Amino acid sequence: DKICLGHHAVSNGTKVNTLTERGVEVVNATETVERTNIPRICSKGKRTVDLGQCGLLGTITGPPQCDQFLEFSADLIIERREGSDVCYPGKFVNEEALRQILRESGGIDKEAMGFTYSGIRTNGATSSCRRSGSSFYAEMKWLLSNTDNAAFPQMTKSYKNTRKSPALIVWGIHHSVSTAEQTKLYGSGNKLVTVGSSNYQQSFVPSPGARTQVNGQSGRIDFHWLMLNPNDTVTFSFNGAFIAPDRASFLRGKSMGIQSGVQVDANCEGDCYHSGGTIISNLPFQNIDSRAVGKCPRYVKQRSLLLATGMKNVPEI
């Protein structure tokens, strides 16, 4: 007579690593590092806007591509490689900070500033921003002299933020192709555009000169911005070469912005996004993209880390 104790085993166990050995055979094991990617932007149940050809900063200035995005509202914002912040060539000082601001803004909310103008013109346009005919940024005003070579009266405009949240103010300096064209637009003399607030004091001057041929133009437009505190007032003192703001932008709520090149899919749900798709996983680690954003597992160098979920597999000799 005899009774025996023992444990189970299989002819098909899996190798794992421990403190003392590399590659012991256990009965069962599971993966802890996620490598499966879903090549779509899983946006099921999320207010999503696909900026497409419209650059994120453009939504504040409003080039034609952003005409449908002047007052968007979203929980998830997607930037595309074909996007563009400008129609007339230019760029934003502190552009990436503004992008990071708008990505989590939940959308924007425009509001008229009420800038009335005296003895100038306010309908400056161009063929780089074509809306039917030669047009301009929908949220801006291209101010120049009345006729040609005429003087620009030294003007001062002010705007009080009568709301409870900071107001995104964006203006623009125009660098002409030459001092002759700068005179043709705003008159002779060195123009000065000073901007003031309760915590802002910068000042700007145009830089006429010859540049490349971006979008058909050799002139440029510097875009500048500042955040206005509640009950605070912005003051613009200018004498030419000034792209005046027509409407302020107020942040709606909160959101998250990603950059991607894959299509939107409202069928799957995901919180971890990267440019290649969505990481739908419950594993604690991932080896897909180190710059993944959202609520993600931690990125690790290793492609696989097998966690043992069974005992040691001693083969039946």
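Residue numbers run from 1 along the displayed sequence.
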Of 306-314 and 1-9, the stretch with the higher mean C-alpha B-factor in the deposited entry is 1-9
Mean temperature factor over C-alpha atoms, higher-scoring stretch between 20-28 and 297-305: 20-28
Please pick out which of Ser118, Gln100, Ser218, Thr126 has the largest Cα B-factor as recorded in the entry. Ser118
From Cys87, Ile77, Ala244, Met155, the top C-alpha temperature factor is at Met155
Test of reading the entry: by CA B factor among the chain's modelled residues, which third contains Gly114? highest
Relative to the other modelled residues of the same chain, rank the CA B-factor of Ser73 and answer lowest, middle or highest third. lowest
Ranking every modelled residue in this chain by its Cα temperature factor as given in the entry, which third contains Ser188? highest
Chain thirds by Cα B factor, record data; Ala138 belongs to the lowest
Based on the deposited C-alpha B factors for this chain, I'd like to know if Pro206 is in the lowest, middle or highest third. highest
